[PDB]
Each structure stands twice: as C-alpha cells, then as structure tokens.
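Visitor: Here is the sequence, then the experimental structure:
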Amino acid sequence: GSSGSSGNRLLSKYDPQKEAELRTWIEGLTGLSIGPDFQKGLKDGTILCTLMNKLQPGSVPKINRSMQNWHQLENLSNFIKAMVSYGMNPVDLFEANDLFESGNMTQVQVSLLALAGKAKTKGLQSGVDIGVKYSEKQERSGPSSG
C-alpha cells in the first residue's frame with residue numbers, strides 16, 4: 001500500500017493563507033469548484049469525496065449529489081473513514097458536523113493540509129521509507145445498526 005510517508009505533525013491550527021493552498025491543490029485534483037464559502041462548498045461534501053477518490057482508487061463508493069441533510073452528511077462520513085485507510089492519524093481527522101454545521105473549521109483545514117502532504121508522494125519520486133509499521137482494521141456495511 002503506502003510505500004512511505006514523511007509524516008506531518010502539524011498541530012491543529014488555522015491560516016488565511018494556507019486555506020487557499022488546499023482548495024488550489026484540491027480543485028486541480030478533482031477539477032471541480034468549491035466556491036466562495038469554503039466551508040459551504042465543502043459542507044455538502046461533494047468535492048471532499050472526489051478529492052480522495054483521486055488519491056485512492058477505492059476510497060469512496062458513491063457521492064450523494066442531493067440537497068438533503070442525511071445525504072450531505074453521509075458524504076463527509078464516507079470521506080473521513082476513507083482518510084483513515086490512507087494512513088492518517090486518529091487526531092488528524094475531522095467530524096462531519098465540524099464542516100456541516102461549521103462545528104469546526106480548524107480541524108477540517110489541517111486534515112487536508114496533512115492528507116495532501118502525504119498524497120503528494122504519489123507524484124514526486126520516492127525511495128526507501130523511513131521504517132514504520134502500522135495497520136488498522138475496518139469494515140463497511142449498508143444499514144448501520146445505530
């Protein structure tokens with residue numbers, strides 16, 4: 001899977017200059033448009049999904065292009081769980097509400113800033129990894145119990 005990864009430890013933070021770096025790195029990846037209201041454009045969780053798909057050929061199953069809550073939420077929930085598989089940290093993630101109800105715009109910002117730095121590896125040619133071993137388990141299901 002992941003041949004190697006430098007490993008970013010950027011503690012939760014916010015920057016009016018970095019935000020642009022993300023949308024600029026994501027928009028080009030999927031080729032979609034976020035919009036004037038970052039939080040919004042992503043809120044629905046339309047691009048956030050595709051973004052991952054680009055990096056991983058098996059991250060998100062499908063995206064809900066509907067103007068409904070449950071639908072919009074599922075998107076974020078789908079993307080997030082997908083990040084964990086990529087090789088992110090249990091803290092470098094963000095909750096669905098964080099973006100949906102702007103419950104947190106700092107956690108979502110860093111998340112991307114951390115997922116990108118690692119994704120880049122795809123492009124730039126890399127060699128022998130540092131030397132870390134990690135592997136978590138997981139399973140997907142249709143009708144969630146609760």
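Guide: That came through, no problem. Numbers count the residues shown, from 1 in each chain.
Visitor: Distance check, the residue of the chain most remote from its centre against residue 9.
Guide: Residue farthest from the centre of the chain, counting by Cα atoms, centre = their mean, is residue 128 at 25.3 Å. For residue 128, the distance to residue 9 equals 21 Å [Cβ to Cβ, to the nearest Å]. For the C-beta atoms, the positions are set from N, CA and C on the backbone; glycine is no exception.
Visitor: Excluding sequence neighbours, find me the nearest residue to the residue farthest from the centre of the chain.
Guide: Distance criterion Cβ to Cβ, 6 or more residues apart in numbering; nearest residue to residue 128, sequence neighbours excluded, is residue 4 at 7.0 Å.
Visitor: can you check residue 106 too?
Guide: residue 14 (4.8 Å).
Visitor: gap between that neighbour and residue 65?
Guide: 29 Å.
Visitor: ok so, going back, what secondary structure does the residue farthest from the centre of the chain sit in?
Guide: Of the three states, residue 128 takes coil under DSSP: H, G, I helix; E, B strand; the rest coil.
Visitor: Look up how far residue 89 lies from it.
Guide: 22 Å.
Visitor: Next: residue 99.
Guide: 18 Å.
Visitor: same deal with residue 11?
Guide: Counting by Cβ to Cβ - residue 11 and residue 89 are separated by 11 Å.
Visitor: So for those two, which residue has more residues nearby?
Guide: A count of neighbours by other Cβ atoms under 10 Å puts residue 89 above the other of residue 11 and residue 89, at 14 against 6.
Visitor: Disregarding flanking residues, what is the spatial nearest neighbour of that one?
Guide: residue 114 is the one closest to residue 89 (Cβ to Cβ, 6+ apart), at 7.6 Å.
Visitor: The one you found is in contact with residue 8, isn't it?
Guide: Yes: assessed by Cβ atoms under 8 Å, residue 114 is found in contact with residue 8 at 4.8 Å.
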